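This report concerns only the one structure given below.
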Ligand SMILES: CC(C)C[C@H](N)C(=O)O
Ligand code: NA
Ligand code: NA
Ligand code: NA
Ligand code: NA
Ligand code: NA
Ligand code: NA
Ligand code: NA
Ligand code: NA
Ligand code: NA
Ligand code: NA
Ligand code: NA
Ligand SMILES: [Zn+2]
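In the UniProt record's numbering, the protein residues as written are 5 to 870.
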């Protein structure tokens, strides 16, 4: 399997302008008839090369003439001797029931549905399966009426009929030209939640959410969130929906989260279905996020699409940015920002130091489904947010408007978007463009000096990006570096120089530079990299007192949280070293007192307090170190929790009781209170055992919502409380028939700190609620074990690695996309000690030798073993 390179992009030899599809649907054998109107742009002797995978070709016609000048090659149908313009007709057969990979047309329970992004449409018929080929689609679907009473595709229904033998048909038309990755088809029997939204200018849009029979009680929040997405896009970005109908279909078998197929989004049911007894606050907010995300793609992705897949971030980084702004505007901006930063520092930074490192706009790709990454998505969004930071909101929106004005109806590039932003704002983004082409995380080193004689404060800022596995050459970036200087009373010192205000976003563009501020009347405590203003590692020699001062005084909530993270980081590192020496946890009294102050400060937003009181995950902890000791990290996180639970016991219980709420509501103030309360409960669970057991079991049994029940159950597991087994069995007995709800329980099994967790996880492969056929089950058990139980996954005997090899041996053949997702923990081997590294290598070597190794795994394994 051969890499493709961005620099090899060339406009296509042929275009397709219109495609008429007919599906004669059956799960065992579907017959597809595709009639395309084509135009040659290249040389008269260049053949038409159509992509196709696992198709059974029945016939090829060119202007109704059966064609002889063609051949099939690996992954292609190559047609020679064509006129300049012509009708292509292909008939081919496919087999949805055999499609375990869930790419193309496949079966989800009794439904048939598609997933075409990135290169799935070629599993349906022979086509120019590349996103710079846009065409107007009409789609006729013919099927058994009892099995498939609903037959859906993109756009509007234009024709309908009934046939003999209990078959019927429906034809759809979508007036907007699209790349084929945005094609969708769904067939099945559903309950349908129907509603309407009227856009700002008066267009009435029929909203239809299709869910499995019996699930309509779990549909209203997703519908509500769609309507909120539509309104918000109008208010913030001035964008309205452009069709008559908006359909969403929730399917249980889906490799990823959700898909923005024009007018017919297809969602993993995990990001649709919610009721207060089945879904947590975090599920509600995830659903809101993802519904929004796919909606936002209607403009950033569909009305302007991608020229080639190396431009994926053009839509994904921008659309994540939009989903984050949506979430932030509707909810707590601080909490949104905190948690996006946790993901960047804790998961994205790890990718950017791994063998799979790539720039947000990749240069080389073997399997494009491997590049739906933290980097393309989350770091992509940080790059868009940097543009926002540099331009300001009004200029940013002018840029968005210029982008759409230039590129509406076409496929564009990352560079086109940056150019629009530059031209509309008159901000020079030439240097900035290097964020698109350079991989790895910049390290920004800051030193300071205060000169009491001149009242000048000098920051000396330096940057460098270390080399990564993919790029040996690195250069300085245009880093927007936001600061705020605090005096001894906690007030902001105005930033200025030579009598002029200075913008608080510093342009850090060189390897080294100095910034000098005047009229600095007191030695400042700085807030540096405010609101994580660039996706960089910050090296600054903070004192504990500067950090506790920020936790008390900083103006932005985010900076209060971030100061706490820097305070903890020091002691996390101390205590990992101590764990390796066999020593107890050491923590200064003044660090504990800082957290006591947060617990007792009645001015602090509970949402913020809750996040300060949520320790960094084991993934965020791992980013503090060059070589990761995952056992020491897990034990340190546990010991730090135990120490704070003891020290803060009375305060924790008082805050726990004070935030009790008898009504459950999905409302942001209520969520914040509950999050603080359950944060307190987490510490209490790790305190004196008897009290813990009582609090936790009572919360579980008395909870009137899944947030409170799960928080209690999760604490019982994490602290290994006496009540654990009984509560876990109760949840199983009550919820085993509900896969989404059981996913939570599988995650808690997989992430258990118990000594025999791997034995228990292996046994759960035979659980009544588990199946290797369902990506969500796989990810909640196997994936959570490998990815979120690094202490057990990285057990010294290598047992974790061998278990993952066994699972991947199956998944490599069954569902390579899910396999590739699950291999990630193994490809980080260079972060671990020599002995783990050798075992991880031997596991990778074994996988490399699989018969029929998928391209998905091959790409990652070869990078890892280099
Ligand atoms: C591969 C696709 C399911 C990903 C989708 N375009 C998203 O960003 O939500
Ligand atoms: Na020709
Ligand atoms: Na076209
Ligand atoms: Na799109
Ligand atoms: Na808000
Ligand atoms: Na996240
Ligand atoms: Na988020
Ligand atoms: Na593939
Ligand atoms: Na420029
Ligand atoms: Na200094
Ligand atoms: Na990490
Ligand atoms: Na089972
Ligand atoms: Zn997306």
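Note that CB positions come from ideal geometry on N, CA and C, so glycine has one too.
Compute the distance between the beta-carbons of residue i and residue j, then report whether it is under 8 Å.
i           : j           : result
residue 720 : residue 707 : no
residue 768 : residue 785 : yes
residue 428 : residue 402 : yes
residue 452 : residue 440 : no
residue 295 : residue 205 : no
residue 8   : residue 369 : yes
residue 501 : residue 520 : yes
residue 267 : residue 247 : yes
residue 480 : residue 514 : yes
residue 121 : residue 263 : yes
residue 411 : residue 419 : no
residue 187 : residue 141 : yes
residue 484 : residue 537 : yes
residue 643 : residue 689 : no
Near residue i, which residues of its chain fall below 6 Å by C-beta distance, leaving aside the five closest residues on each side in sequence?
i           : result
residue 852 : 865
residue 81  : 54, 56 and 130
residue 292 : 229
residue 663 : 677, 680 and 681
residue 331 : 293 and 340
residue 143 : 25, 157 and 176
residue 686 : 719
residue 115 : 192
residue 579 : 589 and 640
residue 558 : 531 and 564
Tell me where the beta strand (DSSP E) around residue i begins and ends.
i           : result
residue 65  : 60-66
residue 192 : 189-192
residue 255 : 249-255
residue 224 : Per DSSP, residue 224 belongs to no beta strand (DSSP E); it is in the alpha helix (DSSP H), 224-241.
residue 388 : First-last for residue 388: 384-395, but that is the alpha helix (DSSP H), not the beta strand (DSSP E).
residue 541 : 541-543
Are the C-beta atoms of residue i and some chain D residue less than 8 Å apart?
i           : result
residue 794 : Note that chain D does not occur in the displayed structure, where there is just one protein chain.
Say the cut is 7 Å; is the CB of residue i nearer than that to a heavy atom of ligand 12?
i           : result
residue 772 : yes
residue 764 : no
For ligand 8, is there any heavy atom lying closer than 7 Å to the beta carbon of residue i?
i           : result
residue 371 : yes
So does residue i have its beta carbon nearer than 7 Å to some heavy atom of ligand 4?
i           : result
residue 301 : yes
In the DSSP assignment, find the unbroken alpha helix (DSSP H) run with residue i in it and report its ends.
i           : result
residue 601 : 593-604
residue 684 : 672-689
residue 208 : Unbroken run through residue 208 is the beta strand (DSSP E), 208-215; no alpha helix (DSSP H).
residue 566 : 561-584
residue 303 : Element bounds for residue 303: n/a, residue is neither H nor E.
Quick one: residues in its chain with C-beta nearer than 7 Å to the C-beta of residue i, no 5 flanking neighbours on either side, listed in chain order?
i           : result
residue 371 : 859, 860 and 863
residue 358 : 831 and 832
residue 288 : 225, 278 and 670
Give a single yes or no on whether residue i has its beta carbon closer than 7 Å to a heavy atom of ligand 1.
i           : result
residue 262 : yes
residue 488 : no
residue 297 : yes
Could you name the residues of the same chain whose beta carbon sits closer than 8 Å to that of residue i, not counting the 5 residues immediately before and after it, in chain order?
i           : result
residue 459 : 522, 523, 524 and 525
residue 619 : 572, 641, 644 and 645
residue 314 : 10, 13, 365, 366, 367 and 369
Residue i: beta carbon under 7 Å from a heavy atom of ligand 13?
i           : result
residue 379 : no
Could you tell me if the beta carbon of residue i falls within a distance shorter than 7 Å of some heavy atom in ligand 2?
i          : result
residue 86 : yes
Nearer than 7 Å: is that true of the beta carbon of residue i relative to any heavy atom of ligand 6?
i           : result
residue 344 : yes
residue 284 : no
residue 347 : yes
Check whether the Cβ of residue i sits closer than 7 Å to any heavy atom of ligand 9, and report yes or no.
i           : result
residue 429 : no
residue 872 : Look at the range of the chain in this structure, 5 to 870, and you will see that residue 872 is not part of it.
Can you find a heavy atom of ligand 7 that lies under 7 Å from the Cβ of residue i?
i           : result
residue 293 : yes
Touching by the beta-carbon criterion (3+ pairs, under 8 Å), the stretch 185-201 and the stretch 251-268: yes
contact_flag[the stretch 679-696, the stretch 606-623] where n(CB pairs < 8 Å) is 3 or more: yes
Validate contact between the stretch 488-508 and the stretch 547-560 using beta carbons, cut 8 Å, 3 pairs: yes
Meets three-Cβ-pair contact criterion under 8 Å: the stretch 298-311 and the stretch 150-157: no
Meets three-Cβ-pair contact criterion under 8 Å: the stretch 321-341 and the stretch 199-218: no
The stretch 263-282 touching the stretch 742-751, judged by at least three CB pairs closer than 8 Å: yes
Stretch-stretch touch, CB-based, cutoff 8 Å, three pairs: the stretch 28-38 with the stretch 89-109: yes
The stretch 788-797 contacting the stretch 753-773, beta-carbon criterion three pairs below 8 Å: yes
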